[PDB]
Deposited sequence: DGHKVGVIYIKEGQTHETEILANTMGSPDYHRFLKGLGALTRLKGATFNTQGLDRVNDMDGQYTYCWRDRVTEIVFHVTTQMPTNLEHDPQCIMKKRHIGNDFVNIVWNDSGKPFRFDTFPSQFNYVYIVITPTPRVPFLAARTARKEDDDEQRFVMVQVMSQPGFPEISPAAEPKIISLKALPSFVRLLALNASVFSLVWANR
């Protein structure tokens, strides 16, 4: 079974899809989170299913992050891994084509604003797994000492799947939510 899941970093102050897709890096905690989410994998000449990421000319970047277990594989579509060139592609359509066709997207919301469900318009986006850093520490409680909020936002009628989660626990927690969301999305695509 193979799944494809977007990962989108939103920088401080950003509100609109085009500027968000242009980003080519995130925060240090975001980068450490990617490294826990999957293994860094070279795309050119790749011998596995790259779920639409270019294997010929590195058009979608040299690397992505990937996960595999005994049953399934996930290829992440990480917009910050994808090259930006606003002369050639001012609307970042080469990045949008991945996340706009992914049922499930992970959003690292560093904007300082609440994430808007209509940020990345697409009739195929069913679920957003939204990660928002917080200064809070669970009152009755190093990556075990710093936390984020995780909230699932989905289309109306989509099956239910905000919780405080340590940075250490975060990649496994989000990957499980993304897998479950993807499985549900495959069924929901038939409604």
Relative to the deposited sequence numbered from 1, which residue ranges are unmodelled?
142-149, 170-174
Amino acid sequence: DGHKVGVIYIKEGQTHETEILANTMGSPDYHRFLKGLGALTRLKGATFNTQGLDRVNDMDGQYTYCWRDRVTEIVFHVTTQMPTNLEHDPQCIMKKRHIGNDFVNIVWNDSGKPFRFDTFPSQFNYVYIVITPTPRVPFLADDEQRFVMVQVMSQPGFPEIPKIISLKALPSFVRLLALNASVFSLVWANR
From here on, numbers count along this sequence of modelled residues.
Averaging CA B factors per stretch from the PDB record, which one is higher: 59-67 or 118-126?
118-126
Higher of the two mean Cα B-factors (180-188, 3-11; per PDB record) comes from 180-188
Would you mind finding, among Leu34, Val150, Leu43, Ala141, the residue with the largest C-alpha temperature factor in the entry?
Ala141
Among the modelled residues of its chain, the C-alpha B-factor of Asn109 falls in the third labelled middle
Ranked C-alpha temperature factor of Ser166 among modelled chain residues, by third:
middle
Chain thirds of CA B-factor: placement of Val137
highest
Considering only modelled residues of the same chain, in which third does the CA B-factor of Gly52 rank: lowest, middle or highest?
lowest
Per the entry's values, where does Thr79 land by CA temperature factor relative to the rest of its chain, in the lowest, middle or highest third?
lowest
